[PDB]
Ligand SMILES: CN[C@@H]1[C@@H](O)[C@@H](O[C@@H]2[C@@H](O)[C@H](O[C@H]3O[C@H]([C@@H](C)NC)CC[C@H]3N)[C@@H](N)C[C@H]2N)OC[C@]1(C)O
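First, one chain by itself in structure tokens, the form solved without ligand 51G.
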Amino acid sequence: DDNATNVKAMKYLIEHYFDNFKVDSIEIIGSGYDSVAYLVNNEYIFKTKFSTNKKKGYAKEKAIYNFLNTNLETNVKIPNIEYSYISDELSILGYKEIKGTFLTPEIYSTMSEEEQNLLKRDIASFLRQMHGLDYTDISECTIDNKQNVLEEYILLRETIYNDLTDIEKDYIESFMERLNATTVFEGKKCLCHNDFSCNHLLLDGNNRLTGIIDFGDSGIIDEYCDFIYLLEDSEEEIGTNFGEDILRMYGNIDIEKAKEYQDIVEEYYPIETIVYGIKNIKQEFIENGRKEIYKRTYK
């Protein structure tokens, strides 16, 4: 009975690291590929990092919130860290719940054109102000996506690469050649949310943008990065036209380069999956990634 057990250990770690804090209630309310999120005392979110990753950790995430809560002028709420424990082995962040409804393609489609346009304006304006921030104070929070893929590719070569089939290697090797040819990294750098997809966007009762969660991957990176998922054409995101539109509101950006950046990210996804499986040792992720490769080599 796994989640009853998870809630108990988490209740313990919270009251152990944060002495004055007493957990009267606690529930698992969410989980991404990095963290598990707990609603505590029905007002706080405590998340903890279960994924094995060093480049994107809670040290930097806390730095980013604290930077942004200081420099952003906006009525969009973001997490505000009231509790933190950071160690290499285990990290916790605690903050008052960002209250609201999560945006979905489903919610958006039944929105009036009027509510759609103001939401798209809210999103564009939030990205514009954050991408505009002088980022001197968190200058250590730079992210090099190219360099990161290079390291992950090295990890493949040092692990399972040789036991991959030829078309799998062809796939990886084709991506690597493209990654070395593209020009999408040659552009403007700034602070990006960097995981900016529907499921992090909260709406108030008027379907207005009220909150943004999970700056867990944020850093100084390509301006293009915050449009990767807005441009995504899947069933959990609204659609490419949505991203196209927001790119137009945002202004002063090469939409074609943006599209090239998401498409490169998209090509990497099966490899990212296999890498994610290798790092955390969840072999069903290596399977999926490997199977996803075959499903694209046959266009």
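For every residue, the number given is its place in the sequence shown, counted from 1. Throughout, rigid core stands for the largest set of C-alpha atoms superposing within 1.5 Å between the two forms.
If you look for the form deposited with ligand 51G bound, you will not find it shown, but the lines that follow are about it.
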### Message
How about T210 - does it come within 4.5 Å of ligand 51G in the deposited bound form, if we only consider non-hydrogen atoms?
### Response
no
### Message
Under a 4.5 Å heavy atom criterion, is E272 part of the interface with ligand 51G in the deposited bound form?
### Response
yes
### Query
Wondering, does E236 line up within 4.5 Å of ligand 51G in the deposited bound form on heavy atoms?
yes
### Task
Determine whether any heavy atom of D217 comes within 4.5 Å of a heavy atom of ligand 51G in the deposited bound form, and answer yes or no.
yes
### Query
Which residue, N199, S91, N71, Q129, has a heavy atom that falls within 4.5 Å of ligand 51G in the deposited bound form?
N199
### Query
Tell me, which of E244, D254, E260, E266 has a heavy atom within 4.5 angstroms of ligand 51G in the deposited bound form?
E266
## Note on the structure
The stretch from 162 to 170, 134 to 142, 224 to 232, 82 to 90 that lies within 4.5 Å of ligand 51G in the deposited bound form, judged by heavy atoms, is 224 to 232
### Message
Taking only shifts of 2 Å or more in Cα after a rigid core superposition between the shown form and the other one, tell me which of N42, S234, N69, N53 qualifies.
### Response
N53
### Query
Is the C-alpha displacement of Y33 equal to or greater than 2 Å between the shown form and the other one once the rigid core has been superposed?
yes
### Task
Please say whether, between the shown form and the other one, the C-alpha of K291 moves by 2 Å or more once the core is aligned.
no
